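Colleague: The structure's right below; bear with me while I get my questions together.
There are 2 protein chains.
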Amino acid sequence: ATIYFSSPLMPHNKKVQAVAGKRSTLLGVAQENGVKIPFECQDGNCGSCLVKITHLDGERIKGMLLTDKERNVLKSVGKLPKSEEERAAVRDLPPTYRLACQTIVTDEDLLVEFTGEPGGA
Amino acid sequence: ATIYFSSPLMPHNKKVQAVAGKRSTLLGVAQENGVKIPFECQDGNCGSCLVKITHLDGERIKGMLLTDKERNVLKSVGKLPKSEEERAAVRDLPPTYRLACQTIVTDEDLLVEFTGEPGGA
Ligand code: FES
Ligand code: FES
Numbered sequence: 002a003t004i005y006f007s008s009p010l011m012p013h014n015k016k017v018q019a020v021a022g023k024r025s026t027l028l029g030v031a032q033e034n035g036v037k038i039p040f041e042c043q044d045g046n047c048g049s050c051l052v053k054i055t056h057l058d059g060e061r062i063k064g065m066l067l068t069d070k071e072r073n074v075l076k077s078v079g080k081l082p083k084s085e086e087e088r089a090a091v092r093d094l095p096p097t098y099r100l101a102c103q104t105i106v107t108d109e110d111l112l113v114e115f116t117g118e119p120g121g122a
Numbered sequence: 002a003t004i005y006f007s008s009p010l011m012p013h014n015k016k017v018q019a020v021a022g023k024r025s026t027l028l029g030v031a032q033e034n035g036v037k038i039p040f041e042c043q044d045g046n047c048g049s050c051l052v053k054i055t056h057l058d059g060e061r062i063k064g065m066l067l068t069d070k071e072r073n074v075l076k077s078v079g080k081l082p083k084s085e086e087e088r089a090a091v092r093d094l095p096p097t098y099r100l101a102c103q104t105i106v107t108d109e110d111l112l113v114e115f116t117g118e119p120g121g122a
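Protein sequence lines, in the order shown, are assigned to chains B and A.
Numbers in PDB author numbering are just positions in the first sequence, counted from 1, shifted up by 1.
Numbers in PDB author numbering are just positions in the second sequence, counted from 1, shifted up by 1.
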């Protein structure tokens, strides 16, 4: 899996090769590659690792894979996904807000944006 | 170079490799890979091949490489880039609108979005 990390704090985006499976978190891949996604609880509660994920390959409108902890945090910040109908109707490729500590690294390519501030602030 | 093509007309994004040593425009890569970016003039005049490019690796904020023809088309559709300072200051990785027939593929990875309608309508 190829992951491109991007942040206002990084003058260059960082391309990372990540081996799929392993139950590796997206935050774990970032931490292993020195990409400073903010984090605290590492457990889907504090919301620090909020990232904006664009799926580069695979389905244009992917089925939603958020954990229940994600859904509570994302609701609290207004970053819950729109439905597949709304997402399919837009002209721009819809990103998905996720918590990086809750996102499992699979065999797909991602662009992962984060502001560098805790909570995606 | 790896180019992910994405469009509402594409149920999956298409991961394409643009090969080394081949001088190609982005439109040429799309045409060779069956990616249905609209085109007509293939010469930067008609605006048909307007795409929204996200630079996946390399610099976060691009020095603009627009041709004079692109600048005219982009001015006409209101898609000229903002200043680099403005682009650097926003939270979301700014894409660049370009004409695919004017964009020379180099050794960088791109996400290339297009609506499927001429001019990106
Ligand atoms: S670090 Fe608390 S939500 Fe991921
Ligand atoms: S095909 Fe006419 S501007 Fe590119």
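Just so you know, even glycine gets a beta-carbon here, dropped at the ideal spot from N, CA and C.
Taking Cβ-Cβ distances shorter than 8 angstroms, what residues in chain A pair up with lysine 53 of chain B?
Modeller: Start at 1 with the first residue of the first sequence, and residue 53 of chain B comes out as number 52. Here the neighbours are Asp93.
Colleague: Would you call the segment 65 to 77 of chain B and the segment 97 to 117 of chain B in contact, with 3 or more CB pairs under 8 angstroms?
Modeller: Cβ pair count under 8 angstroms is three or more, so yes.
Colleague: Along chain B, which residues have their Cβ under 8 angstroms away from the Cβ of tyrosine 98 of chain A?
Modeller: Counting from one through the second sequence, the residue named residue 98 of chain A turns up at place 97. The contacting residues do not exist; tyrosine 98 of chain A stays about 12 angstroms from chain B at best.
Colleague: Within a Cβ cutoff of 6 angstroms, which residues of the same chain sit near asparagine 34 of chain B, ignoring the five residues on either side of it in sequence?
Modeller: Taking the first residue of the first sequence as 1, we reach residue 34 of chain B at position 33. Counting only Cβ-Cβ distances below 6 angstroms, and skipping sequence neighbours, we find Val17.
Colleague: Looking at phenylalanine 40 of chain A and ligand 2, is the gap between the Cβ and the nearest heavy atom below 7 angstroms?
Modeller: By 1-based counting over the second sequence, the position of residue 40 of chain A is 39. Yes, Cβ of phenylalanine 40 of chain A sits closer than 7 angstroms to a heavy atom of ligand 2.
Colleague: Output needed in chain order: residues of the segment 100 to 115 of chain A with a Cβ under 8 angstroms from some Cβ in chain B.
Modeller: Within the segment 100 to 115 of chain A, the qualifying residues are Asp110, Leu112 and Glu114.
Colleague: Report yes or no: do three or more beta-carbon pairs, one from the segment 24 to 31 of chain A and one from the segment 79 to 86 of chain A, lie closer than 8 angstroms?
Modeller: Not touching, per the Cβ criterion.
Colleague: Under 8 angstroms, with one C-beta from each stretch per pair, do the segment 37 to 52 of chain A and the segment 114 to 121 of chain A reach the 3-pair mark?
Modeller: Contact holds: three or more Cβ-Cβ distances are below 8 angstroms.
Colleague: Under DSSP, the beta strand (DSSP E) around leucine 28 of chain B begins and ends at which residues?
Modeller: Position 27 of the first sequence, counting from 1, holds the residue named residue 28 of chain B. Note, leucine 28 of chain B: premise wrong, no beta strand (DSSP E); alpha helix (DSSP H) at 27 to 33.
Colleague: Select from the segment 53 to 85 of chain B all residues with a C-beta closer than 9 angstroms to any C-beta belonging to chain A, and list them in chain order.
Modeller: Per Cβ criterion, the list reads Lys53, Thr55, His56, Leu57, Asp58, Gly59, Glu60, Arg61 and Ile62.
Colleague: Can you pull the chain A residues whose beta carbon is under 7 angstroms from the beta carbon of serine 7 of chain B, in chain order?
Modeller: Numbered from 1 along the first sequence, position 6 holds the residue referred to as residue 7 of chain B. Near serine 7 of chain B (Cβ distances below 7 angstroms), the residues of chain A are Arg61 and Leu94.
Colleague: Which residue or residues does DSSP assign as beta-bridge partners of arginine 99 of chain B?
Modeller: The residue labelled residue 99 of chain B in the question sits at position 98 within the first sequence. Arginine 99 of chain B is bridged to B:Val52.
Colleague: At a Cβ threshold of 8 angstroms, is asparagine 34 of chain A touching chain B?
Modeller: One-based indexing of the second sequence puts residue 34 of chain A at position 33. Answer no: the Cβ-Cβ gap between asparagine 34 of chain A and chain B never drops below 8 angstroms.
Colleague: Which runs of the alpha helix (DSSP H) spanning at least 4 residues fall entirely within the segment 46 to 90 of chain A, listed in chain order?
Modeller: Here the runs fully enclosed are 69 to 77 and 85 to 90.
Colleague: Provide the residue span of the beta strand (DSSP E) that contains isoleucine 4 of chain B, from first to last.
Modeller: Here residue 4 of chain B corresponds to residue number 3 of the first sequence, with the count starting at 1. Its beta strand (DSSP E) spans residues 3 to 7.
Colleague: Would you decide whether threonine 107 of chain A is buried or exposed? Buried here means 16 or more other CB atoms lie within 10 Å of its CB.
Modeller: Walking along the second sequence from the start, residue 107 of chain A turns up at place 106. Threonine 107 of chain A should be labelled exposed.
Colleague: Buried or exposed for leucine 10 of chain A, going by 16 or more other Cβ atoms inside 10 Å?
Modeller: Within the second sequence, numbered from 1, the residue matching residue 10 of chain A stands at position 9. The residue is exposed, with fewer than 16 neighbouring Cβ atoms inside 10 Å.
Colleague: Closer than 7 angstroms to a non-hydrogen atom of ligand 1 - does that hold for the CB of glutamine 43 of chain B?
Modeller: Along the first sequence, read from residue 1 onward, the residue named residue 43 of chain B stands at position 42. Checking the Cβ of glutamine 43 of chain B against ligand 1 gives yes.
Colleague: For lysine 16 of chain A, which residues in chain B fall below 8 angstroms Cβ to Cβ?
Modeller: If you number the second sequence from 1, residue 16 of chain A lands on position 15. Correct list: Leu57, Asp58 and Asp110.
Colleague: On a CA-only basis, which of B:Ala2, B:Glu109 and B:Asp69 is nearest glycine 45 of chain B? Give me that one, please.
Modeller: The sequence position of residue 45 of chain B within the first sequence is 44, counting from 1. Closest option to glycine 45 of chain B, Cα to Cα, is B:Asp69.
Colleague: Does any residue of chain A have a CB that is nearer than 8 angstroms to the CB of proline 12 of chain B?
Modeller: Looking up residue 12 of chain B in the first sequence gives position 11. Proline 12 of chain B counts as touching chain A.
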